[PDB]
Amino acid sequence: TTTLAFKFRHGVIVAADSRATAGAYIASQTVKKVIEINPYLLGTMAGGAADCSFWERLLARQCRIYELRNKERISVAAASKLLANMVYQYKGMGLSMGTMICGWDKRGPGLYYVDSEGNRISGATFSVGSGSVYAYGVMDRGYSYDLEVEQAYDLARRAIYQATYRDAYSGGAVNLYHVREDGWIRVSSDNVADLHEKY
Amino acid sequence: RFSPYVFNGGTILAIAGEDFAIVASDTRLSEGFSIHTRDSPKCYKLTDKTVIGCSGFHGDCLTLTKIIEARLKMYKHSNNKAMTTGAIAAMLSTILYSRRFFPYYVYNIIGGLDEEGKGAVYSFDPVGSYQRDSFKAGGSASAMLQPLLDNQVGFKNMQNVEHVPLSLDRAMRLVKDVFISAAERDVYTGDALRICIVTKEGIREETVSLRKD
Amino acid sequence: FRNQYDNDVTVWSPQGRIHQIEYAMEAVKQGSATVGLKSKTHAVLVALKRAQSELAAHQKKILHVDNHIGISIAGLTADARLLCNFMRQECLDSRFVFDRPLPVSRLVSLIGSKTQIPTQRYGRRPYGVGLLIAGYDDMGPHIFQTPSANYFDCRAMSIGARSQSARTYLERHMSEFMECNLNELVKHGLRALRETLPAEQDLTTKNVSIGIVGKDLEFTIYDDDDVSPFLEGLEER
Amino acid sequence: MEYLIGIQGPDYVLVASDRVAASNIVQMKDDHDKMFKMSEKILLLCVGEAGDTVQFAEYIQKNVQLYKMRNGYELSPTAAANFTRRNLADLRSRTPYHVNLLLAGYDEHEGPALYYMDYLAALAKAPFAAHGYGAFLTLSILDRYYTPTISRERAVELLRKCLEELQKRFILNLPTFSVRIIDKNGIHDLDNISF
Amino acid sequence: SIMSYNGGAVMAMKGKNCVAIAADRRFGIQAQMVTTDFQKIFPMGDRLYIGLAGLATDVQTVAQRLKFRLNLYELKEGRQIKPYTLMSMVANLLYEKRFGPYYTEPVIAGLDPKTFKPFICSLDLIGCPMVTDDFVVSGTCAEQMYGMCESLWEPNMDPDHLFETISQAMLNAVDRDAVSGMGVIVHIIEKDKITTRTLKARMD
Amino acid sequence: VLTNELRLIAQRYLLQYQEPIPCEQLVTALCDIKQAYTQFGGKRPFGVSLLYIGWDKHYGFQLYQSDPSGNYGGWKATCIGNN
Amino acid sequence: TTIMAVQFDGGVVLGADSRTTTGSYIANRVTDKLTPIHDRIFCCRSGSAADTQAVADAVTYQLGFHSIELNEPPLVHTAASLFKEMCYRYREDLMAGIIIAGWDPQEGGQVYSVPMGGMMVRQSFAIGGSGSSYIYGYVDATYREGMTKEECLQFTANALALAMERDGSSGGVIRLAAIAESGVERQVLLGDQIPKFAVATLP
Amino acid sequence: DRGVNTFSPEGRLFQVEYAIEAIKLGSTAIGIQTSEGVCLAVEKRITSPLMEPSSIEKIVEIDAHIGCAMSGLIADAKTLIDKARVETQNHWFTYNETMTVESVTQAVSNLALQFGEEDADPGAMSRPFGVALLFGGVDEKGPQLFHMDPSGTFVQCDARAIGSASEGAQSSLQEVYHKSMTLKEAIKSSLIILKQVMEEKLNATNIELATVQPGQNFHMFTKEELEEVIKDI
Amino acid sequence: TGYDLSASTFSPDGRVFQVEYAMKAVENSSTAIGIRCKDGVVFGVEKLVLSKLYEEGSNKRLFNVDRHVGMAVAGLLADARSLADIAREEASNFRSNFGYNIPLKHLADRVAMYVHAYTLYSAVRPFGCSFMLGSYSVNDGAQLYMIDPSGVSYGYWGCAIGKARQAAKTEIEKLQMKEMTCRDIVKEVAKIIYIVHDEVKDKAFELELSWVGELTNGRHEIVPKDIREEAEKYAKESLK
Amino acid sequence: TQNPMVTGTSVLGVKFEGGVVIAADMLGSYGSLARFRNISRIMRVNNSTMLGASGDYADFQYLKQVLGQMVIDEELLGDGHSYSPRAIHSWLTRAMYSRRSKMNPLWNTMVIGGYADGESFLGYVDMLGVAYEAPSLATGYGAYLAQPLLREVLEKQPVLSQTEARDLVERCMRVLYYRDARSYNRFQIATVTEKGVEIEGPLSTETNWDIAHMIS
């Protein structure tokens, strides 16, 4: 399990692998590790799968209620804070979550880290997961604010590739999403074994 | 204080086809070193377009289906139609999650047709995450079936192979062969094989024996 | 008087009566009439449908309760829908516990127990609804009638406004009903409801509703197109 | 482990905090703000167990702002510090908050006020205070050079000596440091001290 | 020990028509000293102080709730509280958390506002009232304090010898306790006045 | 009853903030309590006026007047009762 | 701790030791272990010392008021069912095996063993306490169908004296009780009156 | 005085009849069912030029596929429309599909006659909702119109008038209707009948109208889009 | 009058009028009699059927409230089913707590207190129904208890409740119930039901009969079909 | 309940042509002690359902109380319905599982036998709610010692006559008496058929100790 996302000049690039494990046994290789919140927001999967999925689905319901009542879409700073207030109450009961909220609001790009430990921080770059430490090294050596879009695609896929290469627990398919001002669009979906031939 | 689960074994198997879904299961029921019964099917018909597979602790396997048929008949009252396959999956994800901190130790595999006449297999965890697959093995012997289906359905690690679509006559023999392979090596799977094929005409059954030991 | 004994259900009038209970039966004596009857194999309901305006379609007067029970309404509709959700919950709890559907004779006694409790406690009102309940179980088909919390077992029964003529017609022809088939059985009830109408109105595809349950037929509401074979038929008035 | 430091002067309080948010071998934020504005004359420095910190700080913050809305004036730093102490103390409950706190405030009538508070909610007013394992390395320098009549340039110089002690001797990578000062003209942001 | 997490050291000693109460000034976390001017003795009247040693956050919690209840008592009642009534109020307040106990052992030293009899008592951390005629001590240096106060206390002393005896009994006791000390305040409660003093003590 | 309540309000404030209560907060709290009984609950309302004096560090010496309806105002001289 | 009840024709004979130990120090050596729940119904207390008084006060409370309402002397089976219900309802926090014995005009002499669990079973004789393990084999061998009153009193005294000899947690005086239609006749066997069995000395 | 649950000698609850009397004071609503969708039109009845007309809202979004008209005491329709929106979003949350309009109208009409003064979960309702509603939407059954009243009696419609000018507008809706009528023609005749019954002078400032289609979402008309059909008058 | 709108209000002469109006509502409804005899109790109820559309078994006025206890009712019957369910719960709780079948005296005095509990409050109304309880066991004999809606309970040799109570009570007084077998008691019971019957008003009725006694070993059962029909035949030929 | 104290061992059961026969000993052990020797562990629920329970005995008497009061409250209505044994089996599955869900189990392992509509029913419920039917059932050490004989006979001959099933039960109870340490040679047999429920007992098994002369 390795997920990363980073802000830059033309929006947010979100990349994720697709391996879910059961101990040493690999259960699946087609896990959709970026959960689609709404036409403008994305959430991420690290740690516990259902713990991520239920709270982000209920957050999508919450922000749709807010769109119906307040007649406007939700900001990142409000929605991620509601996710933090949902997951803060159940500290210490055994929950496991690592998430990134990615959208486009009036502050521009949005990228906030919220977990089941309760942490809530901003930042320009992030990476969460078991093989996340390998993703930081490949990500930060090419990262700057002035990245071009396709070079950002190459940096995201290369960092997830090296993270999947070193981590035994990470793998699957490198899924790549791009949130822009007019909405999020799917970039590509690529197997690791094809990119080993490419790289 | 009351060790509240017992692993009652069993494997289930679902394959989503082009216009069908096959669901298979053993009927041996175990408890550690004993065989309780040799005819206890794990495939439970929900509606005309969906049959569900159960594996895990048997008491939760009974309780959960007594919940699901009640929820289906509540839906058929309040909405004047039978549920779709995706509606049943989305319902059961909430039902499994609402027991978060004392989970149903059940691995659910929903097989059936969607509204467009294609096969859909929905394989769940005890805590309610779910995903759509083309094929899935679950329960006890999943590690013996799932690499072979990874070979034969996804066509991985094969060069110079034509990726032919999923026909019924090859898939049925695949289900029989993987369960013979599971019964030869896993102690928990055996004594019969109950196969539910969901097509547009209805649901039929075929029974094949396995190893008795 | 009239005036200080009609204001509470918890006041005995000096004749030994309760005027708020007897006024609740006016709500069933004004409603659109409905006819129920059974054979040894089937139980059928025939009901007028009240559509409020000609562009408004027709009020459901037969409600699904399970696979094996449907009811009819005459009076305060939302009280009957409350009581439909009650009977849904009771059949589902009997299926969830005992894994067989609850017998109808016990379920209607539970309804008689539920409607009795507001007829005695201060600040409450009686349910202003009468029902006809059609069901099939181990003991065969059943037609029941339930406001004042009583409940009746019936061979064939008609409630609602101007229902006396329909009760006389069913008293005339109840001796046939046990050996009629499914088709003749609904025809008798269609004539029984047709007794209740004014002389100019006829039974159409839109204003007559039918529910049917049998030994192997699960309960179903028969509406606009489904009523047409049962309408035809038909001995003219 | 997160670091805090505050110095109370004659008519000012100088506080500083580390600007790092870590996750178990790596730091995940290098512009992390641990100073939350309570009102025009009061800051609460907040470190400790993650999640408890921000929830507790914002819950105190909206009650301070709510008092300002109900009354039209601000809490005194004594009143807000005792309020925060009471809310942290109500500990033995089902909701313990393992948070470590410094509060700096300026009052019209009492002047500059600095309050130390641990996760037990023991409230101790001090001329200077510090949290973290880095406090063990720099309260000695603060005991060496602090006089009650330190003017603010000697305060930033002594703070620079303390953060250079963090750079030379302390084992956790704490490279960048945010500093603010509070006096009678409100809150003032100063330049970040970097290494 | 949970009582020894902050240290703490308070004692009292009974005189001739005057009482003395002293408390250590170190506010500590097990090894680290934080400040040296911590308040442990609170005024509960003209001639009545309460001193609370132990866990300092329980000292401040019990002192805030005790002032809350005592101000209501003195406003509704219309008089100053007699010290025995304050002992029973404190024991009631601590026993209300019997199975959730506050980690403070308060001592009470004051003068009766009408008869001016000296009163000294202490409590355990759960509310046993212990009225003694000589002295009570409380905190992590209990043995060090009883060793001083059994030998230096003499009955019917003037305020000067009462000050000297409680001063030496504090100082040589707290100089043998590592996690306590760092300065001491001395309160002399008399017929006409209150005398507030601090002493020269070891600062290590 | 109301001046038993006022002491509980002022001592809850002095408990919670460790400073004495500003003089207007006590009056608006008791007028909230007197307003609550005029609207719901079906009780009879309290029939008392209360004149309020008090000092604080915010505005010094003050005066108020309250009624059963829950109104209050600041005054420099006023009178209740007979005549 | 050794209690014993024996059913005979016309009533029951109860017996108990009198030694209550805390650890291995005798806390009370004249303990009275037969509690009258009604006039002719006695319960016996083995196990936790608090529970077998605290439940028995509630059962005495219910049974006296029930007897006043019904205008009848209460049954022994009623007194056993009020224990079977209540000791079952709190069985996780009670350690209570009760031996209820008594008489009623309707069914005669009755002995109900309520073991630790909140069930109920009528027996011809019942032994309980810590010492009963040493006298199971005596009473399986000695009991005859239909003993008289004095034969039952000697049988209860012998079976108790054996357990008081062997078990260190039992001793003192033997307090007997014979409950019948005529009433309750209690007696205490002390010193020489306790039936003596010579030690297995070497010849 | 007497209770809110008192039967008249006709067998009608007095409060149930008087809420129907409060129906007949409201702004008249017109909704029409067509095969290309359902159109709903309510008169705003602007009382003063100091008023902002856009802030009056008498046709609401319920979900992406369901509209709703109202007439009478709009403050009751506040809690009714909010419970309708919560029910539709709970159906999306639970079943991952659109809620059909019949189950929505049944859920909302359950809140009618959930009133009373003795069972009284803490502060719930003491009187009937004096608002009658028209639910228009599209589901897997297609475009549909439902009707609801203060008796809680809900039913299907093809076109309906509610409110103060309900009476003649119902007969005129009997006149124009045929099952092959298009959506734009239904907008046309709905504005015809509304302009027949409006006291004020019709323009884009004193009405609202929206449409729901199988193709597109529920779309509230803007001022220029209202003006475009209003040029036809 | 102003003094009869509430059961919690005494009149100036010391009467509670809601209870005394409920005892007029009892004697609106049809006749039910019960005769205690030497070895058991026999119940008899005139069961009107208001329209022949009605199935057999509708509007039963004989209830089983325990397996050894039966019950016969009169008055507003919807209340009587509620009191039947109270008596069923009370006998069930007594079997569960005390381990044996409930004595009929104690059951009558539990249900009489539950009936009396509504004649005190303005928040309820008094029950509109009187009822009888009969039982048999080897230890207790046969017993017959009768409750009116005031809550008042006594033990009876023979009783009649309903609209024809006095003409039936004088006719039950004519008989020697104390020394006859129950198979000889059903014929009188059936005699008196057809004697007191109003045939010109409220026609079309049915006879309903049940006994409990030694001949059913204490189990409360309905009368078999041929015995009930020959009792009907004997009573119709006695009626002339 | 966390501690079973008075326990009952194996209960057998096998379907035969026309009904069900179950059997159980009459012992209540208390640890290793044979404390109660004349208790019955078989309940007659109505005319077409019998019930035998292993494990903790107090919980069996609680189920006797509740399930007896249920059928009495059914028979008070007198409408002609009786609980089919499948209904009692579903009720016990729900009661045992509902007690399991509270972390407060009923420490039993029960066998419901009945005969309704001419069809034999034989159903198993344990303290967790694991519930199924079988042609033969055995709880406790009967599941290892008497279950193999039952299934070995049932494989050759799926339809059993009444006396064949009774002797097969007796021959399995002899095996349990030879090879279970907590069993006792005093057992009951309960058989439900068309005519209703009988209980025969106490019975005894006749031993063969000729291998005791086969040491040397």
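Order of writing sets the chain letters: A, B, C, D, E, F, G, H, I and J. Residues in each chain are counted from 1.
The definition used in the following text is that contacts are C-beta pairs under 8 Å (C-beta built on N, C-alpha and C of every residue); 3 or more make two chains touch, one makes a residue touch a chain.
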Connectivity without subunit D (remaining chains kept where they are): A, B, C, G, H, I, J | E, F
item	value
Shortest path length from subunit C to subunit H (each step joins two touching chains)	1
Selected interface, C-I versus E-F, where C-beta contact pairs are more numerous	C-I
Centroid-based (C-alpha) most distant chain relative to subunit J	F
Chain centre separation (subunit A, subunit F; CA means) in Å	56
Between subunit J and subunit H, distance of the C-alpha-averaged centres to the nearest whole Å	64
Centre-of-Cα separation between subunit E and subunit C, whole angstrom	83
Interchain centroid distance [CA atoms averaged], subunit I/subunit J, Å	44
Overlap residues in subunit J, where contacts from two or more other chains coincide	2, 77
Junction residues of subunit C, two or more chains touched	8, 96, 99, 109, 121-123
Touching two or more other chains - residue numbers and ranges from subunit D	86
All touching chain pairs, where touch follows the definition stated at the start	A-B, A-D, A-H, B-C, B-H, B-J, C-H, C-I, C-J, D-E, D-F, E-F, G-I, G-J, I-J
Subunit H to subunit B touching residues, read off their complex	93-97, 100, 102-103, 106, 140
In the complex, subunit J residues that touch subunit G	1-2, 5-6, 28, 30, 33, 35-36, 39, 56-58, 61-62
Complex contact set, residues of subunit E against subunit D	6, 27, 29, 32, 34-35, 38, 55-57, 60-61, 64, 100
Subunit C contact footprint on subunit I (complex, rising order)	4-6, 17-18, 21-22, 24-28, 51-59, 77-79, 81-82, 85, 118, 122-128
Interfacial residue positions of subunit A with respect to subunit H in the complex	57-58, 61, 64-65, 68-69
